[PDB]
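In: build me a model from this:
(6 chains, ligands or ions: 124)
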Amino acid sequence: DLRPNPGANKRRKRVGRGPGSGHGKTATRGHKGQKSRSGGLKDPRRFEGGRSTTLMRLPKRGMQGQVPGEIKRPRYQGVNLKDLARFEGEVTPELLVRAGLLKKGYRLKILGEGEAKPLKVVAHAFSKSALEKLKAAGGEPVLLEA
Amino acid sequence: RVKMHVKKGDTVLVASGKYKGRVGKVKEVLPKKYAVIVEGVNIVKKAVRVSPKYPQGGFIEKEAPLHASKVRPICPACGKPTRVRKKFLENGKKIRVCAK
Amino acid sequence: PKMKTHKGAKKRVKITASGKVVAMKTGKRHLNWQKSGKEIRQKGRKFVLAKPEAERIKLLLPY
Amino acid sequence: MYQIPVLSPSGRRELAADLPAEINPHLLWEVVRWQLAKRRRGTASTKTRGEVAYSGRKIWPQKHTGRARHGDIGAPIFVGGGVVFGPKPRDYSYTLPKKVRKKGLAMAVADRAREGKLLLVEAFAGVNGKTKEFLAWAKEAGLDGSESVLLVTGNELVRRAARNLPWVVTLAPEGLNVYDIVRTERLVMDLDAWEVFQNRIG
RNA sequence: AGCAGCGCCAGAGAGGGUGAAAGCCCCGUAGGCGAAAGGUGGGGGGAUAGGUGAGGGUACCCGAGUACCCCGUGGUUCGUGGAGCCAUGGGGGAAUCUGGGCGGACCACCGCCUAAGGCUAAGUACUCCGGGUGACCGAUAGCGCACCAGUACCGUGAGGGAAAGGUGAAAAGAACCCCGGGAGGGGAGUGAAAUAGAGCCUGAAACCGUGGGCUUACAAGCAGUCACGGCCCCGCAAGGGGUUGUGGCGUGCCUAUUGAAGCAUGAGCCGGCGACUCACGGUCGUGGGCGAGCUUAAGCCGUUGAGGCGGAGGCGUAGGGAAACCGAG
RNA sequence: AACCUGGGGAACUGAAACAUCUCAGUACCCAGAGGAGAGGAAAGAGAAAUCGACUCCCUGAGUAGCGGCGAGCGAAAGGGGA
Ligand SMILES: [Mg+2]
Ligand SMILES: [Mg+2]
Ligand SMILES: [Mg+2]
Ligand SMILES: [Mg+2]
Ligand SMILES: [Mg+2]
Ligand SMILES: [Mg+2]
Ligand SMILES: [Mg+2]
Ligand SMILES: [Mg+2]
Ligand SMILES: [Mg+2]
Ligand SMILES: [Mg+2]
Ligand SMILES: [Mg+2]
Ligand SMILES: [Mg+2]
Ligand SMILES: [Mg+2]
Ligand SMILES: [Mg+2]
Ligand SMILES: [Mg+2]
Ligand SMILES: [Mg+2]
Ligand SMILES: [Mg+2]
Ligand SMILES: [Mg+2]
Ligand SMILES: [Mg+2]
Ligand SMILES: [Mg+2]
Ligand SMILES: [Mg+2]
Ligand SMILES: [Mg+2]
Ligand SMILES: [Mg+2]
Ligand SMILES: [Mg+2]
Ligand SMILES: [Mg+2]
Ligand SMILES: [Mg+2]
Ligand SMILES: [Mg+2]
Ligand SMILES: [Mg+2]
Ligand SMILES: [Mg+2]
Ligand SMILES: [Mg+2]
Ligand SMILES: [Mg+2]
Ligand SMILES: [Mg+2]
Ligand SMILES: [Mg+2]
Ligand SMILES: [Mg+2]
Ligand SMILES: [Mg+2]
Ligand SMILES: [Mg+2]
Ligand SMILES: [Mg+2]
Ligand SMILES: [Mg+2]
Ligand SMILES: [Mg+2]
Ligand SMILES: [Mg+2]
Ligand SMILES: [Mg+2]
Ligand SMILES: [Mg+2]
Ligand SMILES: [Mg+2]
Ligand SMILES: [Mg+2]
Ligand SMILES: [Mg+2]
Ligand SMILES: [Mg+2]
Ligand SMILES: [Mg+2]
Ligand SMILES: [Mg+2]
Ligand SMILES: [Mg+2]
Ligand SMILES: [Mg+2]
Ligand SMILES: [Mg+2]
Ligand SMILES: [Mg+2]
Ligand SMILES: [Mg+2]
Ligand SMILES: [Mg+2]
Ligand SMILES: [Mg+2]
Ligand SMILES: [Mg+2]
Ligand SMILES: [Mg+2]
Ligand SMILES: [Mg+2]
Ligand SMILES: [Mg+2]
Ligand SMILES: [Mg+2]
Ligand SMILES: [Mg+2]
Ligand SMILES: [Mg+2]
Ligand SMILES: [Mg+2]
Ligand SMILES: [Mg+2]
Ligand SMILES: [Mg+2]
Ligand SMILES: [Mg+2]
Ligand SMILES: [Mg+2]
Ligand SMILES: [Mg+2]
Ligand SMILES: [Mg+2]
Ligand SMILES: [Mg+2]
Ligand SMILES: [Mg+2]
Ligand SMILES: [Mg+2]
Ligand SMILES: [Mg+2]
Ligand SMILES: [Mg+2]
Ligand SMILES: [Mg+2]
Ligand SMILES: [Mg+2]
Ligand SMILES: [Mg+2]
Ligand SMILES: [Mg+2]
Ligand SMILES: [Mg+2]
Ligand SMILES: [Mg+2]
Ligand SMILES: [Mg+2]
Ligand SMILES: [Mg+2]
Ligand SMILES: [Mg+2]
Ligand SMILES: [Mg+2]
Ligand SMILES: [Mg+2]
Ligand SMILES: [Mg+2]
Ligand SMILES: [Mg+2]
Ligand SMILES: [Mg+2]
Ligand SMILES: [Mg+2]
Ligand SMILES: [Mg+2]
Ligand SMILES: [Mg+2]
Ligand SMILES: [Mg+2]
Ligand SMILES: [Mg+2]
Ligand SMILES: [Mg+2]
Ligand SMILES: [Mg+2]
Ligand SMILES: [Mg+2]
Ligand SMILES: [Mg+2]
Ligand SMILES: [Mg+2]
Ligand SMILES: [Mg+2]
Ligand SMILES: [Mg+2]
Ligand SMILES: [Mg+2]
Ligand SMILES: [Mg+2]
Ligand SMILES: [Mg+2]
Ligand SMILES: [Mg+2]
Ligand SMILES: [Mg+2]
Ligand SMILES: [Mg+2]
Ligand SMILES: [Mg+2]
Ligand SMILES: [Mg+2]
Ligand SMILES: [Mg+2]
Ligand SMILES: [Mg+2]
Ligand SMILES: [Mg+2]
Ligand SMILES: [Mg+2]
Ligand SMILES: [Mg+2]
Ligand SMILES: [Mg+2]
Ligand SMILES: [Mg+2]
Ligand SMILES: [Mg+2]
Ligand SMILES: [Mg+2]
Ligand SMILES: [Mg+2]
Ligand SMILES: [Mg+2]
Ligand SMILES: [Mg+2]
Ligand SMILES: [Mg+2]
Ligand SMILES: [Mg+2]
Ligand SMILES: [Mg+2]
Ligand SMILES: [Mg+2]
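Out: Residues are numbered from 1 along each chain as shown, chains lettered A, B, ... in the order given. Ligands and ions are numbered 1, 2, ... in the order given. Let me share the structure:
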């Protein structure tokens, strides 16, 4: 294979449009033709009408903030036992983060749909319904404590 | 500095153009313009003279300078490049495969 | 560089898991005085928007 | 394909390989583009109406002057004035996905091998950095020089050889890049270098 | 130095120059040497300054207008907020380890750290200066300055601030004669070339002129177009070129406007300069890699137009609720 | 030349008016340092019976939070590096 004919396979096409020409996009810009098309219109996405923005809706969100900021609290990662049943051996937070769906998330909590393979599953929390599937063919190793 | 180059005042061959092949002693070497005076390129100046003193100056076809690249030094064997060998003390220049 | 999330709109609008935008019913805090029990109840729940829904999406983008 | 030609003092024992079959022309291109774009250097720069020697004083009143209407000379409509959207320096590189870097690499080699040009040598009579030697070795190697050759090898002496030779491009083992591969007609690489090529992919 | 013939070097086939297109002609390049003198120099070595302990009693010392409190303010993401911490202009004003500050009012609990004296290299920033490299510019560009430019010129001054590059390979730069006061020409002469002859390569356009062809003094016009005829011009003819006599038809270009030939805007004419870009983030589409996974950032190693390493981190695999919490709900 | 540190410190502009706010501790005036300057061995961080001077980069994160809760503004711990 030589340097000729590796070119983009018929769809890269850096065909950017040129607005000053005389045919296509002409006198005025691509689109324009009027006024307040010249340097920049307000936002306008979230913003402009000139009237009360749609900001008429209201902040229910409580706890929306506080001076010192956020409170350090344990974060539980929902991990379904359907993907858990995928591999087999002895599932612990170590494994699920080493490769899977933990991502250093503070805590592990298996739960939900899927069918439970037989094995010890060490987690920090179990859904009531999740405890059933694994109980019906496995061990329920709860979290730490100290 | 570094202005130095090929040969000096001695015997040399001319591999130029209008005077290709010719051979002769280089009577002058001006390093500034990187040209040397041999006996080849000699053109006829019509001028009486630039300075009024001495009425008759010469329609002389005197020697015209020549780019120091078209001329090559020479020895027993005709036309040779220039190697250099440090003597038992000084610094002499041997030719392609001989001495001086 | 790096669009900033519009805090004012995050503080009052949650985007659904699909792509819809929800918020609380307007006019339930002040005008109140004595409105049909229907009203104050109808005003408790949240709703979906329409076109500007897409407008507000374009703010909480990193969010 | 599989069976690659191998060269050694003992003879032409043709071995085999594991390189893929399907060659995506486009993918290859992306990688070649990526190499050529990363090497670019955004050295091209021009001075904006801002960065330019001229003053700031308004040149005329703009009223009952009868002249046109202007500010400072630095304005872009003012021969000598600042440039409009003139190029500033900027980086032309990007992070092409690693998976692809490997893909292309294999596919390049594979391609060159499928044409039957990939020769895995081993014997090198070229003792020292002497072009003559390599010129001889290559002569008996089937490399008359009628074909550009990407000589890949760990030995820096073998480098010395083909180094100056025009119709050849020396290169280290890790230097393997689809550009230089595709660039040349023939590919010749030491078995020890084929092992390290095998390490990245094999 | 092209082309043909026969050779050769290459740890050097980067590049530049030589009358045009040279690895081997010249300067270089690869590779390799080199400092009496000045500068630099813990990288290697040497020396000195300095520093190094266990258990018990005593409770002497451990940085003061300081801590701390209050009034006024500053800094921080913190706009007086529930407002701490740090800093301090004003007033009050301690203790030395049962001392004292902090962990976002305050209190108790648990833990952290020792204020009110000072010094400390490296990693970091920049580029007047030197060098290297460019999908950087090529004299309206590029620095304001390729050229004796921060000049000429302008302004009381601060300050403003230009224009202006190129004979040829070599000056061989045109002796001598002729016209002319000179300038400038005409011969002669140099040169491959002189409409390359000296602000001299190329030498476009507007604009001025000389010669020739068609044409015009009863004619009405956005200057053209369609037709026929005549005159001149290339071809033997068929054809084609130029010009315009008569007939038909016919309201400039742009802008702006409901509407312009418009007595609405802009434009003396030519040449050159001149306006939708890039960076980061976003959203849709599209080409391709991989797939319940996908992907790296600084940086390190390599290279000197080579890549590789680096999973920290990001997006995705679960949602719902203000939240506690619960979870295929 | 620029970089740096301290003392002093704007307005246009944004908010589609404007006064808090923004522009910005930017522009600039001033004093001082040097091949750098600043900072620097905890009366620290802040929730881990954890970390262990300082600076610089990546990240954390447009998160936490600040805000005529408008326009906007925007940390730190921790993790990867020099
Ligand atoms: Mg079009
Ligand atoms: Mg638009
Ligand atoms: Mg504007
Ligand atoms: Mg505007
Ligand atoms: Mg507007
Ligand atoms: Mg209104
Ligand atoms: Mg004399
Ligand atoms: Mg005479
Ligand atoms: Mg749904
Ligand atoms: Mg209320
Ligand atoms: Mg009421
Ligand atoms: Mg009722
Ligand atoms: Mg209710
Ligand atoms: Mg995020
Ligand atoms: Mg300026
Ligand atoms: Mg100036
Ligand atoms: Mg101005
Ligand atoms: Mg001004
Ligand atoms: Mg006026
Ligand atoms: Mg006028
Ligand atoms: Mg201009
Ligand atoms: Mg200029
Ligand atoms: Mg000018
Ligand atoms: Mg300029
Ligand atoms: Mg990298
Ligand atoms: Mg080569
Ligand atoms: Mg030819
Ligand atoms: Mg080289
Ligand atoms: Mg050639
Ligand atoms: Mg050459
Ligand atoms: Mg050298
Ligand atoms: Mg020496
Ligand atoms: Mg030495
Ligand atoms: Mg010294
Ligand atoms: Mg010394
Ligand atoms: Mg020394
Ligand atoms: Mg040192
Ligand atoms: Mg000692
Ligand atoms: Mg001892
Ligand atoms: Mg005691
Ligand atoms: Mg005591
Ligand atoms: Mg005492
Ligand atoms: Mg005492
Ligand atoms: Mg004191
Ligand atoms: Mg306090
Ligand atoms: Mg404040
Ligand atoms: Mg405060
Ligand atoms: Mg502040
Ligand atoms: Mg601030
Ligand atoms: Mg307030
Ligand atoms: Mg005080
Ligand atoms: Mg005491
Ligand atoms: Mg005491
Ligand atoms: Mg005491
Ligand atoms: Mg004690
Ligand atoms: Mg005591
Ligand atoms: Mg507390
Ligand atoms: Mg305790
Ligand atoms: Mg503490
Ligand atoms: Mg102390
Ligand atoms: Mg340093
Ligand atoms: Mg420099
Ligand atoms: Mg010019
Ligand atoms: Mg010009
Ligand atoms: Mg100069
Ligand atoms: Mg000069
Ligand atoms: Mg002037
Ligand atoms: Mg004057
Ligand atoms: Mg001026
Ligand atoms: Mg010339
Ligand atoms: Mg001259
Ligand atoms: Mg000259
Ligand atoms: Mg003359
Ligand atoms: Mg003549
Ligand atoms: Mg002539
Ligand atoms: Mg003449
Ligand atoms: Mg002419
Ligand atoms: Mg000419
Ligand atoms: Mg003449
Ligand atoms: Mg003259
Ligand atoms: Mg020329
Ligand atoms: Mg004229
Ligand atoms: Mg005239
Ligand atoms: Mg008429
Ligand atoms: Mg005929
Ligand atoms: Mg015809
Ligand atoms: Mg007519
Ligand atoms: Mg209209
Ligand atoms: Mg008119
Ligand atoms: Mg008018
Ligand atoms: Mg008007
Ligand atoms: Mg107009
Ligand atoms: Mg006019
Ligand atoms: Mg005009
Ligand atoms: Mg970014
Ligand atoms: Mg983008
Ligand atoms: Mg959409
Ligand atoms: Mg895309
Ligand atoms: Mg397809
Ligand atoms: Mg990967
Ligand atoms: Mg980054
Ligand atoms: Mg190493
Ligand atoms: Mg390196
Ligand atoms: Mg190289
Ligand atoms: Mg999610
Ligand atoms: Mg369900
Ligand atoms: Mg203001
Ligand atoms: Mg407003
Ligand atoms: Mg106003
Ligand atoms: Mg501020
Ligand atoms: Mg200040
Ligand atoms: Mg330093
Ligand atoms: Mg320092
Ligand atoms: Mg210091
Ligand atoms: Mg300090
Ligand atoms: Mg200090
Ligand atoms: Mg700190
Ligand atoms: Mg930095
Ligand atoms: Mg980022
Ligand atoms: Mg704030
Ligand atoms: Mg603020
Ligand atoms: Mg600010
Ligand atoms: Mg950190
Ligand atoms: Mg660190």
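
In: three-state assignment of the residue most central in space within chain D?
Out: Nearest residue to the geometric centre of chain D (CA atoms, centre = their mean): residue D:179, 4.5 Å. Put simply, residue D:179 is helix when judged by DSSP: H, G, I helix; E, B strand; the rest coil.

In: isn't it right up against residue D:36?
Out: Yes. With contact defined as CB atoms under 8 Å, residue D:179 reaches residue D:36; the gap is 7.1 Å. Using the backbone N, CA and C atoms, a C-beta is placed for each residue, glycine as well.

In: do you know how far the residue nearest to the centre of chain D is from RNA strand F?
Out: As defined by CB to the nearest atom of the strand, to the nearest Å, residue D:179 lies at a distance of 28 Å from RNA strand F.

In: how near is the closest residue to that residue other than its chain neighbours to residue D:42?
Out: Once flanking residues are discounted, residue D:179 sits nearest to residue D:35: 4.7 Å by CB to CB, 6 or more residues apart in numbering or on different chains. According to CB to CB, to the nearest Å, residue D:35 and residue D:42 sit 16 Å apart.

In: the residue sitting nearest the centre point of chain C: what's it in contact with?
Out: The centroid of chain C falls nearest to residue C:23 when counting by CA atoms, centre = their mean (2.3 Å). Listed by CB atoms under 8 Å, 6 or more residues apart in numbering or on different chains, the contact partners of residue C:23 are A:57-58, A:60, C:12-14, C:46-47, C:49.

In: what helix or strand does the residue nearest to residue D:24 when sequence neighbours are not counted sit in?
Out: Counting by CB to CB, 6+ apart, residue D:107 is the residue found nearest to residue D:24 once chain neighbours are left out, at 6.7 Å. With secondary structure defined by DSSP states H and E, residue D:107 is part of helix D:98-114.

In: does residue B:94 really touch residue B:81, like I thought?
Out: No. With contacts counted by CB under 8 Å, residue B:94 stays clear of residue B:81, the gap being 10.4 Å.

In: who has more neighbours, the two?
Out: residue B:94 (15 against 10; other CB atoms under 10 Å in any protein chain shown).

In: which phi and psi does that one have?
Out: Per-residue torsions, residue B:94: phi -90, psi 150 (degrees, to the nearest 10).

In: tell me the contacts of it?
Out: With CB under 8 Å, 6+ apart, residue B:94 has these contacts: B:83-85, B:100.

In: chain C: helices as residue ranges?
Out: Remark: helices assigned in chain C by DSSP state H are C:7-10, C:37-42, C:52-57.

In: could you do chain D as well?
Out: D:25-39, D:98-114, D:131-139, D:156-164, D:178-183, D:191-200.

In: could I get those helices as TSV with distance to residue D:14?
Out: Listed next are the helices of chain D as TSV, based on distance: least, CB to CB, whole Å:
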stretch	distance to residue D:14
helix D:25-39	26
helix D:98-114	12
helix D:131-139	20
helix D:156-164	22
helix D:178-183	21
helix D:191-200	13
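
In: most packed of those helices?
Out: Of the helices of chain D, the one with the most neighbours on average (mean count of other CB atoms under 10 Å in any protein chain shown) is helix D:178-183, at a mean of 20.

In: and that helix, what does it pack onto?
Out: The contact analysis (3 or more CB pairs under 8 Å, 6 or more residues apart in numbering or on different chains; DSSP states H and E) places helix D:178-183 against helix D:25-39, helix D:98-114, strand D:149-152.

In: and for residue B:7, the neighbour number?
Out: Around residue B:7 there are 17 residues (other CB under 10 Å).

In: how about chain C: which residue is closest to ligand 12?
Out: Distances between chain C and ligand 12 by CB to the ion are smallest at residue C:37, namely 3.9 Å.

In: let me fix that: chain D
Out: Nearest residue of chain D to ligand 12: residue D:97, at 64.0 Å (CB to the ion).

In: how close does residue A:52 sit to residue C:26?
Out: 11 Å.

In: helix or strand for residue 45, which one?
Out: Answering for chain A, as no chain was given. Assessed by DSSP H and E, residue A:45 sits outside every helix and strand.

In: that was the other one, I meant chain B.
Out: Short version, using DSSP H and E: residue B:45 is in no helix or strand.
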